[PDB]
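Structure file work_17.cif; described as mmCIF, C-alpha atoms and all ligand atoms.
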```
data_coords
#
loop_
_atom_site.label_atom_id
_atom_site.label_comp_id
_atom_site.auth_asym_id
_atom_site.auth_seq_id
_atom_site.Cartn_x
_atom_site.Cartn_y
_atom_site.Cartn_z
CA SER F 7 7.19 15.77 17.00
CA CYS F 8 5.70 12.49 15.60
CA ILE F 9 6.76 8.98 16.72
CA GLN F 10 7.21 6.35 14.00
CA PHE F 11 6.36 2.62 13.92
CA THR F 12 9.34 1.03 12.07
CA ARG F 13 7.48 -2.08 10.78
CA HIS F 14 4.28 -0.22 9.69
CA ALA F 15 5.09 0.11 5.93
CA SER F 16 6.15 -3.58 5.70
CA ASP F 17 2.93 -4.65 7.57
CA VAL F 18 0.78 -2.57 5.15
CA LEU F 19 2.51 -4.15 2.14
CA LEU F 20 2.07 -7.70 3.61
CA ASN F 21 -1.69 -7.04 3.96
CA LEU F 22 -1.89 -5.61 0.40
CA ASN F 23 -0.26 -8.83 -0.83
CA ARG F 24 -2.81 -10.87 1.23
CA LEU F 25 -5.65 -8.90 -0.48
CA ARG F 26 -4.07 -9.69 -3.89
CA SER F 27 -3.81 -13.48 -3.05
CA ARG F 28 -7.51 -13.52 -1.99
CA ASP F 29 -8.49 -11.35 -5.03
CA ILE F 30 -10.08 -8.76 -2.69
CA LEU F 31 -10.70 -5.23 -4.12
CA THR F 32 -8.48 -5.91 -7.17
CA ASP F 33 -9.69 -3.47 -9.85
CA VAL F 34 -7.59 -4.34 -12.91
CA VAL F 35 -6.39 -7.31 -15.00
CA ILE F 36 -2.98 -6.93 -16.69
CA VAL F 37 -2.83 -9.07 -19.83
CA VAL F 38 0.64 -10.24 -20.90
CA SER F 39 0.29 -12.42 -24.02
CA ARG F 40 -1.81 -15.51 -22.94
CA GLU F 41 -1.55 -14.72 -19.20
CA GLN F 42 -3.69 -12.55 -16.89
CA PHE F 43 -2.66 -10.95 -13.60
CA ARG F 44 -5.14 -9.31 -11.23
CA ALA F 45 -3.85 -6.37 -9.19
CA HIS F 46 -4.72 -3.13 -7.39
CA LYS F 47 -4.23 -0.02 -9.59
CA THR F 48 -2.96 2.00 -6.56
CA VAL F 49 -0.11 -0.52 -5.88
CA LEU F 50 0.81 -0.69 -9.62
CA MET F 51 1.03 3.13 -9.78
CA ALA F 52 3.03 3.29 -6.55
CA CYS F 53 5.67 0.88 -7.99
CA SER F 54 5.84 1.66 -11.69
CA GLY F 55 6.35 4.80 -13.75
CA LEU F 56 4.43 3.16 -16.63
CA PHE F 57 1.34 2.33 -14.51
CA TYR F 58 1.57 5.73 -12.79
CA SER F 59 1.29 7.37 -16.28
CA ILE F 60 -1.49 4.94 -17.43
CA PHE F 61 -3.74 5.27 -14.38
CA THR F 62 -3.41 9.13 -14.14
CA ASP F 63 -4.73 9.30 -17.70
CA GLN F 64 -8.33 10.62 -17.65
CA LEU F 65 -9.51 7.69 -19.98
CA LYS F 66 -7.18 4.78 -19.06
CA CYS F 67 -7.84 5.31 -15.29
CA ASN F 68 -11.32 3.71 -15.82
CA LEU F 69 -10.18 0.59 -17.74
CA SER F 70 -10.63 -2.82 -16.08
CA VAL F 71 -8.20 -4.50 -18.55
CA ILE F 72 -4.70 -3.28 -19.60
CA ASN F 73 -2.84 -5.10 -22.39
CA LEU F 74 0.94 -4.93 -22.27
CA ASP F 75 3.29 -4.86 -25.31
CA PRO F 76 3.46 -8.41 -26.90
CA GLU F 77 7.26 -8.41 -26.40
CA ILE F 78 6.75 -8.48 -22.60
CA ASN F 79 7.50 -11.85 -21.04
CA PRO F 80 4.72 -13.14 -18.64
CA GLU F 81 7.22 -14.70 -16.18
CA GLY F 82 9.25 -11.45 -16.09
CA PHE F 83 5.99 -9.59 -15.37
CA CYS F 84 5.01 -12.16 -12.70
CA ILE F 85 8.39 -11.74 -10.91
CA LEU F 86 8.01 -7.91 -10.98
CA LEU F 87 4.39 -8.03 -9.79
CA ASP F 88 5.51 -10.25 -6.85
CA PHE F 89 8.32 -7.72 -6.16
CA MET F 90 5.80 -4.83 -6.13
CA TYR F 91 3.75 -6.56 -3.43
CA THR F 92 6.64 -8.01 -1.32
CA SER F 93 9.94 -6.02 -1.85
CA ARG F 94 11.44 -9.44 -2.84
CA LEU F 95 12.89 -9.97 -6.31
CA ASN F 96 13.34 -13.55 -7.58
CA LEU F 97 16.38 -12.71 -9.79
CA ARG F 98 17.99 -15.78 -11.45
CA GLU F 99 20.49 -16.40 -14.32
CA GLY F 100 17.61 -17.85 -16.37
CA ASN F 101 15.27 -14.90 -15.91
CA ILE F 102 17.54 -11.80 -15.50
CA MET F 103 17.32 -10.57 -19.14
CA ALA F 104 13.47 -10.85 -19.13
CA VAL F 105 13.25 -9.20 -15.67
CA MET F 106 15.48 -6.28 -16.77
CA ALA F 107 13.58 -5.70 -20.06
CA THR F 108 10.24 -5.85 -18.16
CA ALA F 109 11.54 -3.45 -15.44
CA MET F 110 12.73 -1.00 -18.17
CA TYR F 111 9.28 -1.13 -19.83
CA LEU F 112 7.49 -0.79 -16.47
CA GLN F 113 9.91 2.06 -15.49
CA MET F 114 11.07 0.40 -12.21
CA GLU F 115 14.47 2.13 -11.96
CA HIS F 116 15.75 0.34 -8.78
CA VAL F 117 15.11 -3.10 -10.37
CA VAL F 118 16.79 -1.95 -13.63
CA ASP F 119 19.82 -0.81 -11.51
CA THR F 120 20.41 -3.99 -9.87
CA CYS F 121 19.82 -6.11 -13.00
CA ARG F 122 22.54 -3.94 -14.68
CA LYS F 123 24.95 -4.57 -11.75
CA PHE F 124 24.27 -8.36 -11.69
CA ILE F 125 24.85 -8.56 -15.49
CA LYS F 126 28.08 -6.45 -15.30
CA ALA F 127 29.49 -8.84 -12.60
CA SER F 128 28.97 -11.94 -14.87
CA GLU F 129 30.79 -10.41 -17.93
CA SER L 7 16.95 -17.10 -3.15
CA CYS L 8 15.26 -13.64 -3.57
CA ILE L 9 17.05 -10.29 -3.06
CA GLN L 10 15.15 -7.58 -1.17
CA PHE L 11 14.96 -3.79 -1.69
CA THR L 12 14.99 -2.36 1.89
CA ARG L 13 13.20 0.94 1.09
CA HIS L 14 10.51 -0.59 -1.20
CA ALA L 15 7.65 -0.81 1.38
CA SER L 16 8.29 2.78 2.58
CA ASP L 17 8.37 4.03 -1.09
CA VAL L 18 5.04 2.25 -1.81
CA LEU L 19 3.44 3.83 1.27
CA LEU L 20 4.78 7.32 0.32
CA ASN L 21 3.14 6.96 -3.12
CA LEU L 22 -0.14 5.72 -1.57
CA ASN L 23 -0.11 8.85 0.61
CA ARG L 24 0.55 11.00 -2.52
CA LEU L 25 -2.51 9.35 -4.21
CA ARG L 26 -4.59 10.17 -1.07
CA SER L 27 -3.43 13.88 -1.10
CA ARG L 28 -4.36 14.17 -4.82
CA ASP L 29 -7.65 12.24 -4.23
CA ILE L 30 -6.65 9.68 -6.90
CA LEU L 31 -8.48 6.28 -6.88
CA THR L 32 -9.94 6.92 -3.40
CA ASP L 33 -13.06 4.72 -3.20
CA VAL L 34 -14.56 5.56 0.20
CA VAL L 35 -15.52 8.51 2.43
CA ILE L 36 -15.30 7.94 6.20
CA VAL L 37 -17.75 10.20 8.02
CA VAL L 38 -16.84 11.13 11.60
CA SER L 39 -19.52 13.48 12.98
CA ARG L 40 -19.38 16.68 10.77
CA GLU L 41 -16.10 15.69 9.07
CA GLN L 42 -15.36 13.60 5.95
CA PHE L 43 -12.14 11.76 5.11
CA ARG L 44 -11.48 10.23 1.69
CA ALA L 45 -9.32 7.09 1.63
CA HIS L 46 -8.47 3.86 -0.18
CA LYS L 47 -10.38 0.82 1.21
CA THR L 48 -7.29 -1.43 0.67
CA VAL L 49 -5.08 0.80 2.90
CA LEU L 50 -7.82 1.08 5.60
CA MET L 51 -8.17 -2.74 5.69
CA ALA L 52 -4.39 -3.21 5.77
CA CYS L 53 -4.11 -0.97 8.89
CA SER L 54 -7.28 -1.58 10.87
CA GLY L 55 -9.06 -4.65 12.20
CA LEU L 56 -12.37 -2.72 12.08
CA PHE L 57 -12.02 -1.75 8.38
CA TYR L 58 -10.70 -5.23 7.55
CA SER L 59 -13.98 -6.67 9.00
CA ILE L 60 -16.17 -3.96 7.30
CA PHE L 61 -14.70 -4.25 3.80
CA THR L 62 -14.64 -8.14 3.78
CA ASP L 63 -18.39 -8.03 4.44
CA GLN L 64 -20.25 -9.05 1.25
CA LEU L 65 -22.61 -5.92 1.55
CA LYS L 66 -20.42 -3.27 3.23
CA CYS L 67 -17.53 -3.92 0.73
CA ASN L 68 -19.60 -2.01 -1.92
CA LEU L 69 -20.44 1.09 0.18
CA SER L 70 -18.94 4.44 -0.89
CA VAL L 71 -19.72 6.03 2.54
CA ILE L 72 -18.96 4.58 6.02
CA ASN L 73 -20.29 6.37 9.12
CA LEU L 74 -18.31 5.88 12.31
CA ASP L 75 -19.75 5.77 15.87
CA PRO L 76 -20.74 9.36 16.98
CA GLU L 77 -18.41 9.02 20.01
CA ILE L 78 -15.38 8.95 17.64
CA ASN L 79 -13.38 12.17 17.67
CA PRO L 80 -12.60 13.58 14.11
CA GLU L 81 -9.11 14.80 15.10
CA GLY L 82 -8.28 11.40 16.65
CA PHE L 83 -9.44 9.78 13.38
CA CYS L 84 -7.42 12.29 11.31
CA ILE L 85 -4.22 11.51 13.30
CA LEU L 86 -4.79 7.73 12.83
CA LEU L 87 -5.57 8.10 9.11
CA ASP L 88 -2.29 10.07 8.70
CA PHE L 89 -0.50 7.29 10.65
CA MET L 90 -1.97 4.62 8.32
CA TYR L 91 -0.53 6.38 5.28
CA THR L 92 2.85 7.48 6.77
CA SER L 93 3.89 5.26 9.78
CA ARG L 94 4.07 8.59 11.74
CA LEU L 95 1.85 9.16 14.77
CA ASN L 96 1.28 12.75 15.97
CA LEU L 97 0.82 11.76 19.66
CA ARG L 98 0.46 14.77 22.04
CA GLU L 99 -0.71 15.31 25.67
CA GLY L 100 -3.80 17.09 24.30
CA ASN L 101 -4.82 14.32 21.91
CA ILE L 102 -3.58 11.04 23.51
CA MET L 103 -6.93 10.00 25.10
CA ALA L 104 -8.83 10.60 21.80
CA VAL L 105 -6.09 8.81 19.77
CA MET L 106 -6.16 5.77 22.12
CA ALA L 107 -10.00 5.50 22.11
CA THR L 108 -10.03 5.84 18.28
CA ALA L 109 -7.23 3.21 17.92
CA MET L 110 -9.19 0.80 20.21
CA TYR L 111 -12.34 1.30 18.08
CA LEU L 112 -10.36 0.94 14.82
CA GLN L 113 -8.54 -2.13 16.27
CA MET L 114 -5.00 -0.74 15.69
CA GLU L 115 -3.23 -2.75 18.41
CA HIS L 116 0.30 -1.23 17.99
CA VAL L 117 -1.10 2.33 18.41
CA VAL L 118 -3.16 1.20 21.45
CA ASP L 119 0.09 -0.28 22.94
CA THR L 120 2.06 2.76 22.76
CA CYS L 121 -0.76 5.07 23.93
CA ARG L 122 -1.02 2.76 27.03
CA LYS L 123 2.76 3.05 27.65
CA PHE L 124 2.79 6.87 27.21
CA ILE L 125 -0.18 7.20 29.65
CA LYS L 126 1.43 4.83 32.23
CA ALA L 127 4.66 6.97 32.19
CA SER L 128 2.70 10.20 33.04
CA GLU L 129 0.85 8.67 36.08
CA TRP M 1 8.29 2.82 17.98
CA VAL M 2 11.15 5.32 17.35
CA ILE M 3 11.94 9.08 17.14
CA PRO M 4 12.25 9.41 13.31
CA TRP P 1 19.41 -4.34 -2.09
CA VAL P 2 20.09 -7.04 0.58
CA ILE P 3 20.00 -10.83 1.18
CA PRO P 4 16.82 -11.01 3.37
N1 LIG V 201 -0.21 10.55 -6.48
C1 LIG V 201 0.52 9.71 -6.73
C2 LIG V 201 1.44 8.72 -7.07
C3 LIG V 201 1.23 7.31 -7.23
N2 LIG V 201 2.34 6.70 -7.72
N3 LIG V 201 3.25 7.71 -7.87
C4 LIG V 201 4.52 7.61 -8.42
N4 LIG V 201 4.81 6.38 -8.95
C5 LIG V 201 6.04 6.09 -9.58
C6 LIG V 201 6.45 6.92 -10.67
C7 LIG V 201 7.68 6.68 -11.30
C8 LIG V 201 8.43 5.59 -10.82
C9 LIG V 201 8.00 4.76 -9.73
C10 LIG V 201 6.80 5.00 -9.09
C11 LIG V 201 9.02 3.70 -9.48
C12 LIG V 201 10.11 4.06 -10.51
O1 LIG V 201 11.19 3.57 -10.69
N5 LIG V 201 9.68 5.16 -11.28
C13 LIG V 201 5.29 8.81 -8.48
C14 LIG V 201 4.68 10.01 -8.01
CL1 LIG V 201 5.60 11.44 -8.02
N6 LIG V 201 3.46 10.14 -7.53
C15 LIG V 201 2.74 8.98 -7.45
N1 LIG V 202 -6.56 -10.17 2.60
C1 LIG V 202 -6.34 -9.39 3.40
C2 LIG V 202 -6.08 -8.47 4.40
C3 LIG V 202 -6.21 -7.04 4.37
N2 LIG V 202 -6.03 -6.50 5.60
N3 LIG V 202 -5.78 -7.57 6.42
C4 LIG V 202 -5.62 -7.55 7.80
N4 LIG V 202 -5.82 -6.32 8.37
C5 LIG V 202 -5.73 -6.11 9.76
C6 LIG V 202 -6.53 -6.92 10.63
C7 LIG V 202 -6.43 -6.75 12.02
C8 LIG V 202 -5.56 -5.75 12.47
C9 LIG V 202 -4.76 -4.94 11.59
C10 LIG V 202 -4.83 -5.11 10.22
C11 LIG V 202 -3.95 -3.98 12.39
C12 LIG V 202 -4.32 -4.38 13.83
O1 LIG V 202 -3.89 -3.98 14.87
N5 LIG V 202 -5.29 -5.40 13.80
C13 LIG V 202 -5.37 -8.81 8.43
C14 LIG V 202 -5.38 -9.97 7.61
CL1 LIG V 202 -5.05 -11.47 8.34
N6 LIG V 202 -5.59 -10.02 6.31
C15 LIG V 202 -5.79 -8.81 5.70
CL CL V 203 11.77 -0.34 -8.51
CL CL V 204 -1.40 -0.23 14.46
#
```

When written as structure tokens, how does the structure in this file appear?
Ligand SMILES: N#Cc1cnn2c(Nc3ccc4c(c3)CC(=O)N4)cc(Cl)nc12
Ligand SMILES: N#Cc1cnn2c(Nc3ccc4c(c3)CC(=O)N4)cc(Cl)nc12
Ligand SMILES: [Cl-]
Ligand SMILES: [Cl-]
Amino acid sequence: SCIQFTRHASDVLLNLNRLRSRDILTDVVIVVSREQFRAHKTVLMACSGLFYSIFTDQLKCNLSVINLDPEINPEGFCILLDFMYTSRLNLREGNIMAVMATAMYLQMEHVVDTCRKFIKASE
Amino acid sequence: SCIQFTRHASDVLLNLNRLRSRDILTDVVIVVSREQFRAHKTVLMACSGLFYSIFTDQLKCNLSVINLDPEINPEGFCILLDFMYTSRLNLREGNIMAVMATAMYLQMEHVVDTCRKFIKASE
Amino acid sequence: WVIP
Amino acid sequence: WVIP
């Protein structure tokens, strides 16, 4: 018999993105080649099958630094990290291949789906 | 020029609630009289003006235990904590006064609004 | 607020 | 997915 506040989940996510911008309670640095990205482990796990697996691991759960595969593109990661915290995906002709490969690695199925559909439409 | 995934914020919140149920990466215990509630500081701040103030404080940000005012009802807190993690509010005739007083203390304006409207309709 |  |  609950009532539901429609905008609640979006409001929570907006405030989690504000915490990320102010670097408040971030507990991990994701290293992608020469670039570093600070984030909240809980948000990373909630968005990504790869981070969900990493941070449920009894040893990796305590790491403050996670290094991604050297083939991962920093801009592609940046775009996906922004997506995680906002629901908005900056998908462009110039970045779509990098975004799709990063989303496959990060196990972000909905992003992979849409990248596949946008690529199929251009061929 | 971003695209947006409509269900993303709800999916994130569902996974944050799954982490809470499994006690994964919870970093605080909220003590309400004889009861204890484990949560994620980032979610508490994102939902509550009181926790936002508490966890931005340079000393309180590092506490693992937060004790609420002894006048706060544990069930009222439990209902609001569930709301924070689900967008669903279990508002009933038997709990509405406790929920409203807890929401005022926690500074959860949207919950206070609706409690006020449900009370006004019954008088 | 809505009835979900 | 939508145009926001
Ligand atoms: N507890 C918990 C918890 C935290 N996070 N999380 C999941 N995170 C996840 C796992 C796989 C995938 C995605 C997110 C997006 C995607 O495409 N795949 C799943 C579950 Cl079943 N549980 C949890
Ligand atoms: N950074 C950050 C950040 C984390 N959380 N958070 C806010 N959390 C909040 C503050 C006040 C109120 C509510 C939530 C619900 C309500 O009724 N009042 C606000 C801002 Cl402006 N910023 C942040
Ligand atoms: Cl996704
Ligand atoms: Cl609220």

What would chain F look like once superposed on chain L, with the fit done by least squares over all C-alpha atoms paired in order? Give it as a CSV table (one decimal) with C-alpha atoms, in the frame of the given file.
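See part_21.csv below for the written result:
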```
chain,number,residue,atom,x,y,z
F,7,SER,CA,16.9,-17.1,-3.2
F,8,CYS,CA,15.3,-13.6,-3.6
F,9,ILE,CA,17.0,-10.3,-3.1
F,10,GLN,CA,15.1,-7.6,-1.2
F,11,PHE,CA,15.0,-3.8,-1.7
F,12,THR,CA,15.0,-2.4,1.9
F,13,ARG,CA,13.2,0.9,1.1
F,14,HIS,CA,10.5,-0.6,-1.2
F,15,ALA,CA,7.7,-0.8,1.4
F,16,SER,CA,8.3,2.8,2.6
F,17,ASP,CA,8.4,4.0,-1.1
F,18,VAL,CA,5.0,2.2,-1.8
F,19,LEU,CA,3.4,3.8,1.3
F,20,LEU,CA,4.8,7.3,0.3
F,21,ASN,CA,3.1,7.0,-3.1
F,22,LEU,CA,-0.1,5.7,-1.6
F,23,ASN,CA,-0.1,8.9,0.6
F,24,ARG,CA,0.5,11.0,-2.5
F,25,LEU,CA,-2.5,9.3,-4.2
F,26,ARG,CA,-4.6,10.2,-1.1
F,27,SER,CA,-3.4,13.9,-1.1
F,28,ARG,CA,-4.4,14.2,-4.8
F,29,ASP,CA,-7.7,12.2,-4.2
F,30,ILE,CA,-6.6,9.7,-6.9
F,31,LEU,CA,-8.5,6.3,-6.9
F,32,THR,CA,-9.9,6.9,-3.4
F,33,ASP,CA,-13.1,4.7,-3.2
F,34,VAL,CA,-14.6,5.6,0.2
F,35,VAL,CA,-15.5,8.5,2.4
F,36,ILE,CA,-15.3,7.9,6.2
F,37,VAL,CA,-17.8,10.2,8.0
F,38,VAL,CA,-16.8,11.1,11.6
F,39,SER,CA,-19.5,13.5,13.0
F,40,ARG,CA,-19.4,16.7,10.8
F,41,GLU,CA,-16.1,15.7,9.1
F,42,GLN,CA,-15.4,13.6,6.0
F,43,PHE,CA,-12.1,11.8,5.1
F,44,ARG,CA,-11.5,10.2,1.7
F,45,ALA,CA,-9.3,7.1,1.6
F,46,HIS,CA,-8.5,3.9,-0.2
F,47,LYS,CA,-10.4,0.8,1.2
F,48,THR,CA,-7.3,-1.4,0.7
F,49,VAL,CA,-5.1,0.8,2.9
F,50,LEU,CA,-7.8,1.1,5.6
F,51,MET,CA,-8.2,-2.7,5.7
F,52,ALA,CA,-4.4,-3.2,5.8
F,53,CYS,CA,-4.1,-1.0,8.9
F,54,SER,CA,-7.3,-1.6,10.9
F,55,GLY,CA,-9.1,-4.7,12.2
F,56,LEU,CA,-12.4,-2.7,12.1
F,57,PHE,CA,-12.0,-1.7,8.4
F,58,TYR,CA,-10.7,-5.2,7.6
F,59,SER,CA,-14.0,-6.7,9.0
F,60,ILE,CA,-16.2,-4.0,7.3
F,61,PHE,CA,-14.7,-4.3,3.8
F,62,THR,CA,-14.6,-8.1,3.8
F,63,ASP,CA,-18.4,-8.0,4.4
F,64,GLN,CA,-20.3,-9.0,1.3
F,65,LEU,CA,-22.6,-5.9,1.6
F,66,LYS,CA,-20.4,-3.3,3.2
F,67,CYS,CA,-17.5,-3.9,0.7
F,68,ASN,CA,-19.6,-2.0,-1.9
F,69,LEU,CA,-20.4,1.1,0.2
F,70,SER,CA,-18.9,4.4,-0.9
F,71,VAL,CA,-19.7,6.0,2.5
F,72,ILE,CA,-19.0,4.6,6.0
F,73,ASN,CA,-20.3,6.4,9.1
F,74,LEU,CA,-18.3,5.9,12.3
F,75,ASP,CA,-19.8,5.8,15.9
F,76,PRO,CA,-20.7,9.4,17.0
F,77,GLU,CA,-18.4,9.0,20.0
F,78,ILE,CA,-15.4,9.0,17.6
F,79,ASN,CA,-13.4,12.2,17.7
F,80,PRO,CA,-12.6,13.6,14.1
F,81,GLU,CA,-9.1,14.8,15.1
F,82,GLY,CA,-8.3,11.4,16.6
F,83,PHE,CA,-9.4,9.8,13.4
F,84,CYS,CA,-7.4,12.3,11.3
F,85,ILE,CA,-4.2,11.5,13.3
F,86,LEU,CA,-4.8,7.7,12.8
F,87,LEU,CA,-5.6,8.1,9.1
F,88,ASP,CA,-2.3,10.1,8.7
F,89,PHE,CA,-0.5,7.3,10.6
F,90,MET,CA,-2.0,4.6,8.3
F,91,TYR,CA,-0.5,6.4,5.3
F,92,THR,CA,2.9,7.5,6.8
F,93,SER,CA,3.9,5.3,9.8
F,94,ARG,CA,4.1,8.6,11.7
F,95,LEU,CA,1.8,9.2,14.8
F,96,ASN,CA,1.3,12.7,16.0
F,97,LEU,CA,0.8,11.8,19.7
F,98,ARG,CA,0.5,14.8,22.0
F,99,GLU,CA,-0.7,15.3,25.7
F,100,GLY,CA,-3.8,17.1,24.3
F,101,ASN,CA,-4.8,14.3,21.9
F,102,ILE,CA,-3.6,11.0,23.5
F,103,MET,CA,-6.9,10.0,25.1
F,104,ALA,CA,-8.8,10.6,21.8
F,105,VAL,CA,-6.1,8.8,19.8
F,106,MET,CA,-6.2,5.8,22.1
F,107,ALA,CA,-10.0,5.5,22.1
F,108,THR,CA,-10.0,5.8,18.3
F,109,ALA,CA,-7.2,3.2,17.9
F,110,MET,CA,-9.2,0.8,20.2
F,111,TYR,CA,-12.3,1.3,18.1
F,112,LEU,CA,-10.4,0.9,14.8
F,113,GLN,CA,-8.5,-2.1,16.3
F,114,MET,CA,-5.0,-0.7,15.7
F,115,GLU,CA,-3.2,-2.7,18.4
F,116,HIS,CA,0.3,-1.2,18.0
F,117,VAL,CA,-1.1,2.3,18.4
F,118,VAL,CA,-3.2,1.2,21.4
F,119,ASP,CA,0.1,-0.3,22.9
F,120,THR,CA,2.1,2.8,22.8
F,121,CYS,CA,-0.8,5.1,23.9
F,122,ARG,CA,-1.0,2.8,27.0
F,123,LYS,CA,2.8,3.0,27.7
F,124,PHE,CA,2.8,6.9,27.2
F,125,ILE,CA,-0.2,7.2,29.6
F,126,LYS,CA,1.4,4.8,32.2
F,127,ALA,CA,4.7,7.0,32.2
F,128,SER,CA,2.7,10.2,33.0
F,129,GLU,CA,0.8,8.7,36.1
```

Report task. Tell me the residues of chain L close to chain F, meaning within 9 Å using only C-alpha atoms, as number ranges by chain. Result -> L: 7-22, 25, 30-31, 46-49, 51-53, 61-62, 67, 89-98, 116-117

Would you compute an axis-aligned box for region 21-24 of chain L, covering every atom listed for it in the file with 8 Å of margin on each side, and report centre and edge lengths in Å to one decimal as JSON?
```
{"center_x": 1.5, "center_y": 8.4, "center_z": -1.3, "size_x": 19.3, "size_y": 21.3, "size_z": 19.7}
```

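Taking atom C6 of ligand LIG 201 (chain V) and CA of residue 41 (chain F) as endpoints, the distance between them is 24.6 Å.
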
Report task. May I ask which of the residues L:101, L:113, L:108, L:73 is the closest one to ligand CL 204 (chain V), counting all atoms listed in the file? Result ->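 Residue with the minimum atom-to-atom distance to ligand CL 204 (chain V): L:113.
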
Query raised in the report: Which distance in Å separates atom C10 of ligand LIG 202 (chain V) and CA of residue 63 (chain L), to one decimal?
Result: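 Separation of atom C10 of ligand LIG 202 (chain V) and CA of residue 63 (chain L): 15.0 Å.
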
Query raised in the report: What does the distance from atom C15 of ligand LIG 202 (chain V) to CA of residue 55 (chain L) come to in Å, to one decimal?
Result: 8.4 Å
